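Have a look below at one chain only, the form deposited without its partner chain, in structure tokens format.
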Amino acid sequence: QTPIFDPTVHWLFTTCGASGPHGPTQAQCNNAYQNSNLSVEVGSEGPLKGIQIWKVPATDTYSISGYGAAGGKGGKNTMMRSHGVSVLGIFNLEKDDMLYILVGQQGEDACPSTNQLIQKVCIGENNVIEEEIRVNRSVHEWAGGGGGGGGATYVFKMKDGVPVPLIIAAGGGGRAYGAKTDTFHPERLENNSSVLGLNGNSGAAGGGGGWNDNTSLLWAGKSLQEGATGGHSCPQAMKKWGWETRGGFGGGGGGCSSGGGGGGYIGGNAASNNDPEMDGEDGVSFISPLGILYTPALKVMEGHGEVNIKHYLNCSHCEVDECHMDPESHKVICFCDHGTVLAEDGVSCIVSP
């Protein structure tokens, strides 16, 4: 269809079959991308633990669609999880640059559970937690039942020892034990790199992980540069009956009786107290001014999350492809052939001297 670059070229970075707070292994990703056009190295160690590493084969324009993961379900099965946010932008990728793609994974669900007492709470036979809510208007002892927030997807590269974020798609927040929202949190999108990507507010439930921060709370979702491993349940949930509902990989915040905050460039706020009806807030996404925003941040991801990097060249006079991209003004020239630049007059591409 297109003479120059073929828009059928697409790599699909998935969770490699993995789910919960721990990132994919090398063996999982080798089976996942078995006989595909995609080949990656998964980090076993450091902040790169669970992060897939893909090399750009040649300097060319590729559109990166990141899909952050959905939050976990709470102690109420009727309540729908907050679906993960996607960011579609068209970027110029440089030869030999290693792109680090962390696919954010769905947050762990609270109900059903293998524990006897907790399973009665999950089927609604035993509302011992509602009994505590009645006397205190908050949960202090019977903590648990909030699903951990969904982990965000971080797609970046390394340049001169500095990680440069390209596409970060936010994860949706987990549902509380007393999950009572009918409206999910509007898709949050950043496009300015000067805005520090810190974690979300963490109270009793853990807030989402950001780009870079220092997580002190065991239940709070860790940032990208801390490995972005999803935070644990609140200490009371872990103590009482061991109800561990961690956030998903990619900065998923941990669940208490309140829902965990979803990951992002900036993490999503979880509840300030252990209010069992405070559902976790979604994270903030990101897109670098290095690329052209194809479409605003959109909730599309139902569960585990993913990334699709494809060749899409969006030109008003050639919309799927069939044009070249001038990186400096971030403008596409639909006339430019091999070894030509547009004329300085605004008239057609002449042979570049």
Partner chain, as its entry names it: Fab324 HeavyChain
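Numbering follows the first chain given and starts at 1.
We do not show the form deposited with its partner chain bound, though everything after this point is about it.
Engineer: Considering only heavy atoms, tell me if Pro163 and its partner chain come within 4.5 Å of each other in the entry with it bound.
Structural biologist: Taking the distances in the entry with it bound, the answer for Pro163 is no, it never comes within 4.5 Å of its partner chain.
Engineer: With the partner left out of view, is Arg246 within 4.5 angstroms of its partner chain in the entry with it bound by any non-hydrogen atom?
Structural biologist: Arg246: contacts its partner chain in the entry with it bound.
Engineer: Consider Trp241 of the chain shown here, and say whether it contacts its partner chain in the entry with it bound, taking contact as heavy atoms within 4.5 Å.
Structural biologist: Although its partner chain is absent here, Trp241 would touch it in the entry with it bound, with heavy atoms inside 4.5 Å.
Engineer: Verify the contact flag for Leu218: yes if a non-hydrogen atom of it lies within 4.5 Å of a non-hydrogen atom of its partner chain in the entry with it bound, no if not.
Structural biologist: The answer is yes: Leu218 has a heavy atom within 4.5 Å of its partner chain.
Engineer: Spot the stretch among 154 to 162, 109 to 117, 268 to 276, 249 to 257 with residues whose non-hydrogen atoms come within 4.5 Å of its partner chain in the entry with it bound.
Structural biologist: Flagged stretch: 109 to 117.
Engineer: Each of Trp142, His232 and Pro235 within 4.5 Å of its partner chain in the entry with it bound, by any heavy atom, yes or no?
Structural biologist: Per the other structure, all of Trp142, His232 and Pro235 touch its partner chain.
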